[PDB]
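For reference, the structure is listed below as structure tokens.
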Amino acid sequence: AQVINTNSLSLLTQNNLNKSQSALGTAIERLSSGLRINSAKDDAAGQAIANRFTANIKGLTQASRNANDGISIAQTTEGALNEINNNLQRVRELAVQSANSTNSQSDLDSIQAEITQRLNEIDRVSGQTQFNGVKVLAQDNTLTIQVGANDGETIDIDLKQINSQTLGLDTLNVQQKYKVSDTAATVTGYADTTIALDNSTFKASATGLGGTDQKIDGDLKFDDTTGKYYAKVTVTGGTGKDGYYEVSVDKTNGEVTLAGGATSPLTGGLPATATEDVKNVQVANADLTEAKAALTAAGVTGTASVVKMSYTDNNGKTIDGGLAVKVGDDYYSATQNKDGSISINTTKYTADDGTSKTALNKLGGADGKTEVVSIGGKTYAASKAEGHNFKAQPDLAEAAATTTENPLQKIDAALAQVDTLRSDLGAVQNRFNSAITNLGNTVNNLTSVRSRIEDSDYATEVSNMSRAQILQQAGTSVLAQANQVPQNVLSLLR
């Protein structure tokens with residue numbers, strides 16, 4: 001009978017329990033990791049969204065970091081700014097101190113110097129304060145910080161350029177003008193030029209001494225008491241012609257010629273005042289050679305003269321100033337060099353509309369004695385203009401021209417500006433926090449959602465599938481016993 005085979009089928013179902021044992025193993029597999037890529041995720045997209053949820057928090061952890069970057073930049077902005085308030089308020093203090101009419105002009109100059117220091121510090125803070133390189137107060141700019149998982153989900157920080165100029169205190173001045181005056185300064189002594197003393201021309205101007213040959217022995221002796229040059233002269237072939245002679249010097253090319261058609265040596269020899277040994281033409285600095293060339297190149301028309309400045313305050317007290325090169329009504333601060341020559345002060349600066357350049361220091365400003373300088377169509381303080389680049393950093397206020405009207409109002413309006421900017425930033429923080437809380441709340445919630453897809457087994461469900469393990473194992477046990485039953489049942493026939 002085919003029962004052996006038909007039973008084999010009934011055993012194939014028992015062997016199918018071995019496949020159910022493969023299901024026990026498959027269950028053990030489903031319980032092994034809890035989750036398997038065996039397509040329990042089909043609307044993969046929908047199930048992928050769970051992984052996107054975690055990716056959201058990944059973007060949200062970076063978001064929290066961002067947020068904290070923003071928070072820090074918020075904190076930092078106010079930090080660096082606090083100093084600015086700290087500086088300006090102090091200026092206010094000087095503004096009160098200034099309104100005092102008992103103050104002398106020297107007092108006012110002193111107060112102005114500290115105001116200038118405070119304003120300069122404000123400008124440094126504005127230019128250097130940074131966060132990760134962002135110059136938070138150097139320019140108007142809105143920083144967008146991604147604090148959410150998706151595009152455009154950001155919190156914006158509106159940064160403003162806060163400096164002396166934007167605050168309207170770039171020319172805040174409390175100084176008063178001094179009555180400017182001068183007196184001629186006939187600077188003394190001589191200096192040597194580039195003009196080298198050419199002696200070859202002497203012997204032909206000294207033929208009237210005769211002999212065979214007339215030559216100057218050594219260097220010419222100059223006399224800074226008379227401006228006269230003298231020469232030791234050896235007249236080869238002559239009788240009583242050797243001795244000291246006064247020589248005429250060509251102040252242009254340096255030629256040396258016997259002076260005054262002298263027919264015999266000076267009585268008494270070389271004068272006692274002729275002690276300098278010169279190799280070059282001496283110039284009574286008095287011609288202001290370089291100063292005059294600088295004035296011409298500058299476009300200055302008038303005749304120049306060296307004067308000593310004087311400044312008189314409101315109380316009739318006068319102090320002496322330095323040396324100056326007066327031209328017309330203008331005064332150019334000057335310096336007298338080693339050799340007694342004089343040079344107009346210059347400041348040295350970069351660009352304007354490209355390249356290195358130079359301007360001459362005039363005496364002006366809010367007090368009448370501040371070194372100012374004209375670049376382009378402007379007139380800045382020399383202190384500011386020194387080493388400045390108008391290419392890399394153009395746009396600027398000239399030097400203060402007069403005393404500032406209503407300085408306390410202006411300063412108040414300035415601080416008001418600083419303050420409102422700070423409110424936006426700090427309130428930004430709290431907004432960041434408020435935003436962190438929205439996202440944060442949804443974060444705790446999203447994690448509750450990934451738990452459905454992010455699936456796996458432990459108590460409740462483990463017991464369901466574990467009880468099922470033993471339940472099905474009971475089944476495999478049933479067919480383990482029932483695995484031996486058939487083979488024997490089939491062998492009963494005799």
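Simple scheme: letters A, B, ... for chains in structure tokens order, numbers from 1 for residues in each chain, numbers from 1 for ligands in the order shown.
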Inset, instruction - Might you pull out every residue within 10 Å of residue 369 of chain A, with only C-alpha atoms counted and same-chain residues fewer than 2 positions away left off, and present them as a PyMOL selection string? - result: chain A and resi 177-180+309-311+321-322+331+333+362-367+371-372
To test your reading of the structure, identify every residue in segment 281-460 of chain A that backbone DSSP assigns to strand (DSSP E), and report it as a JSON list (two decimals) with C-alpha atoms, in the first residue's frame.
[["chain", "number", "residue", "atom", "x", "y", "z"],
["A", 281, "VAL", "CA", 78.43, 123.75, -0.28],
["A", 282, "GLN", "CA", 76.96, 125.02, 2.98],
["A", 283, "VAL", "CA", 73.45, 126.41, 2.96],
["A", 284, "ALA", "CA", 72.01, 128.98, 5.38],
["A", 304, "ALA", "CA", 57.38, 130.60, 3.42],
["A", 305, "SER", "CA", 58.96, 131.71, 6.71],
["A", 306, "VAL", "CA", 59.92, 129.92, 9.95],
["A", 307, "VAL", "CA", 58.06, 131.11, 13.04],
["A", 308, "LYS", "CA", 57.62, 130.22, 16.70],
["A", 309, "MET", "CA", 54.00, 129.52, 17.60],
["A", 310, "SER", "CA", 52.21, 130.93, 20.62],
["A", 311, "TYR", "CA", 48.71, 130.14, 21.89],
["A", 312, "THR", "CA", 46.65, 132.35, 24.20],
["A", 318, "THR", "CA", 50.03, 132.16, 26.59],
["A", 319, "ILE", "CA", 52.21, 129.10, 26.10],
["A", 320, "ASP", "CA", 54.82, 128.68, 23.38],
["A", 321, "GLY", "CA", 54.20, 126.15, 20.65],
["A", 322, "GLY", "CA", 56.71, 124.60, 18.30],
["A", 323, "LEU", "CA", 58.32, 125.76, 15.09],
["A", 324, "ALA", "CA", 56.16, 126.30, 12.04],
["A", 325, "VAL", "CA", 56.45, 127.20, 8.38],
["A", 326, "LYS", "CA", 54.07, 130.11, 7.86],
["A", 327, "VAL", "CA", 52.60, 130.44, 4.37],
["A", 330, "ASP", "CA", 48.28, 128.90, 7.24],
["A", 331, "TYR", "CA", 50.82, 127.28, 9.58],
["A", 332, "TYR", "CA", 52.57, 123.97, 8.90],
["A", 333, "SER", "CA", 54.07, 122.26, 11.92],
["A", 334, "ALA", "CA", 57.77, 121.93, 11.30],
["A", 335, "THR", "CA", 60.81, 120.36, 12.88],
["A", 336, "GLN", "CA", 64.40, 121.54, 12.89],
["A", 342, "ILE", "CA", 63.91, 122.51, 8.84],
["A", 343, "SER", "CA", 61.31, 120.12, 7.46],
["A", 344, "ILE", "CA", 57.51, 120.27, 7.41],
["A", 362, "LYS", "CA", 48.94, 122.12, 9.11],
["A", 363, "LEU", "CA", 48.02, 123.58, 12.49],
["A", 364, "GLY", "CA", 44.27, 123.78, 12.90],
["A", 370, "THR", "CA", 46.00, 120.39, 16.36],
["A", 371, "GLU", "CA", 48.01, 118.88, 13.50],
["A", 372, "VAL", "CA", 45.50, 118.35, 10.74],
["A", 373, "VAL", "CA", 46.02, 117.13, 7.20],
["A", 374, "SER", "CA", 44.22, 117.49, 3.88],
["A", 375, "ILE", "CA", 43.65, 114.31, 1.87],
["A", 378, "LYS", "CA", 38.95, 116.52, 3.44],
["A", 379, "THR", "CA", 40.99, 117.56, 6.48],
["A", 380, "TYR", "CA", 41.51, 114.90, 9.14],
["A", 381, "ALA", "CA", 43.56, 114.94, 12.30]]
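Proximity to residue 328 of chain A at 9 Å, evaluated using only C-alpha atoms and with sequence-adjacent residues fewer than 4 positions away removed, yields residues 301, 302, 303 and 304 of chain A.
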Inset, instruction - Tell me, as an NGL selection string, which residues lie within 9 Å of segment 438-449 of chain A, counting only C-alpha atoms; anything in the same chain fewer than 6 positions away does not count. - result: :A and (50 or 53-54 or 56-57 or 60 or 147-149)
Keeping C-alpha atoms, export the residues of the selection given above as an mmCIF file, in the first residue's frame.
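As a result, again_31.cif now contains:
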data_model
loop_
_atom_site.group_PDB
_atom_site.id
_atom_site.type_symbol
_atom_site.label_atom_id
_atom_site.label_comp_id
_atom_site.auth_asym_id
_atom_site.auth_seq_id
_atom_site.Cartn_x
_atom_site.Cartn_y
_atom_site.Cartn_z
ATOM 1 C CA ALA A 50 11.161 57.115 11.888
ATOM 2 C CA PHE A 53 12.893 61.428 13.123
ATOM 3 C CA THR A 54 16.180 60.403 14.522
ATOM 4 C CA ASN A 56 15.708 65.312 12.880
ATOM 5 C CA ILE A 57 17.129 65.057 16.421
ATOM 6 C CA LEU A 60 18.350 68.997 16.381
ATOM 7 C CA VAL A 147 17.676 75.685 15.022
ATOM 8 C CA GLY A 148 15.110 73.333 13.529
ATOM 9 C CA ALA A 149 15.272 70.143 11.498
#
Inset, instruction - Compile the contact shell of residue 208 of chain A as a ChimeraX atom specification: residues with an atom at most 10 Å away, counting only C-alpha atoms, same-chain residues fewer than 5 positions apart removed. - result: /A:203,214,258,261-264
